[PDB]
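Working notes for the structure below.
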Amino acid sequence: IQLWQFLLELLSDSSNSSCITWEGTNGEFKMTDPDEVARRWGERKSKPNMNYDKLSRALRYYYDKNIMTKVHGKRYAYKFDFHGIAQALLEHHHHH
DNA sequence: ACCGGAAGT
DNA sequence: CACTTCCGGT
């Protein structure tokens, strides 16, 4: 599993709204408990020293890969680049 | 908080 | 590999 899928997963179940939530359509989300989002991600990936600093670094690498952008000026808020994600899932299957 | 290089896995 | 680790810098 990958980090964007993970966040999508957390976001699909609105029962996790205490730690992450959609923030108006469409693509923007805010982590309402970024440490809790980080400890769940490390728990998932078997990396128990995962924190928000390290998580957000991984999000920043998504920037140049067109998967994610920052919502500038809003705390713990990012934006899915669905176009970039679509581009990738599609070129993936075309190729193999 | 957020950026991004650099090196590790 | 797709992150993780660490950190100087803003």
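Determine if the range A:49-60 includes at least one residue that is assigned to a strand (DSSP E or B) and touching a helix residue (DSSP H, G or I) at 6+ places or on another chain (Cβ under 9 Å). Reasoning before the result, please.
Initially, the range A:49-60 is screened for residues assigned to a strand (DSSP E or B), giving none.
Among the residues of the range A:49-60, not one is assigned to a strand (DSSP E or B) and touching a helix residue (DSSP H, G or I) at 6+ places or on another chain (Cβ under 9 Å), which makes the answer no.
Among the residues of the range A:49-70, the one identified as closer than 20 Å to A:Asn16 by Cβ and more than 11 Å from DNA strand B (Cβ to nearest atom) is A:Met50. Looking across the range A:41-50, just one residue is surrounded by 13 or more Cβ atoms within 10 Å (Cβ to Cβ) and more than 7 Å from DNA strand C (Cβ to nearest atom), and that is A:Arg44.
Output yes when any residue across the range A:75-89 is more than 10 Å from DNA strand B (Cβ to nearest atom), of a type in the set (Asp, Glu), assigned to a loop (DSSP other than H, G, I, E, B) and surrounded by 16 or more Cβ atoms within 10 Å (Cβ to Cβ), and no when none is.
Step one: list which residues in the range A:75-89 are more than 10 Å from DNA strand B (Cβ to nearest atom), which gives A:79-89.
Adding the requirement that they be of a type in the set (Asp, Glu) leaves A:81.
Checking which are assigned to a loop (DSSP other than H, G, I, E, B) leaves us with A:81.
Now drop any that are not surrounded by 16 or more Cβ atoms within 10 Å (Cβ to Cβ), which leaves A:81.
Checked the range A:75-89: at least one residue is more than 10 Å from DNA strand B (Cβ to nearest atom), of a type in the set (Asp, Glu), assigned to a loop (DSSP other than H, G, I, E, B) and surrounded by 16 or more Cβ atoms within 10 Å (Cβ to Cβ).
The number of residues in the range A:8-23 that are within 14 Å of DNA strand B (Cβ to nearest atom) and either under 15 Å from A:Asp81 (Cβ atoms) or in contact (Cβ under 8 Å) with a residue 24 or more places away in the chain (or both) comes to 1. Within the range A:10-33, the set of residues being outside any loop (DSSP other than H, G, I, E, B) and either polar (S, T, N, Q) or touching a helix residue (DSSP H, G or I) at 6+ places or on another chain (Cβ under 9 Å) (or both) comprises A:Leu10, A:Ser12, A:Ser14, A:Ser15, A:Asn16, A:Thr21, A:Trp22, A:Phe29.
Counting neighbours? That spans all protein chains shown, and the Cβs are built from the backbone with ideal geometry, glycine included. Bear in mind these aren't lab numbers, they're just calculated from the coordinates by the rules spelled out.
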